[PDB]
């Protein structure tokens, strides 16, 4: 079980060819990600399979939650509508999130922004959760930037980021 196989973190829809992207959190920009009192990095396990091959950060107690991803719009399939997702999980101990929803944001090269909010206190703990950060049309150039943010004046813990996903909405 030793030979390694390196592969691009992407997929193509079979019938129509559109490209989707997965971004693992080691390739995101995690503010304080190198500080174990802020984020502590874990191996993601599924007991019946073994390691899933993803190092995931768990929030350990910081007031400043800021995670950014980015992708070249021109690297995706032209003319399609795309959706940006963040796959997350909450786990005990959870703290600091009451009335401070996690903010998800997509910003486009024209400067426009879409923000969603997720109340972490209402999520079932341990479940992998698909959250929608926003939508964009694959036209033009530049980078789409997709973030999760909570910077209120309160220590937070218990959030795990599994990955970000940029997926096409094909016919």
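Positions refer to the first chain, counted from 1.
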| item | value |
| --- | --- |
| Between the two ranges 162-170 and 1-9, the one averaging a larger CA B factor in the entry | 1-9 |
| Residue range whose averaged C-alpha B-factor is higher in the record, 119-127 or 140-148 | 140-148 |
| Largest Cα B-factor, entry values, listed residues 80, 90, 87, 84 | 80 |
| Chain-relative CA temperature factor third for residue 25 | middle |
| Third of chain Cα B-factors occupied by residue 34 | highest |
| Position of residue 47 among the chain's modelled residues by C-alpha B-factor, lowest, middle or highest third | middle |
| Cα B factor band for residue 105 (lowest, middle or highest third within the chain) | highest |
| Residue 64 - Cα temperature factor, lowest/middle/highest third of chain | middle |
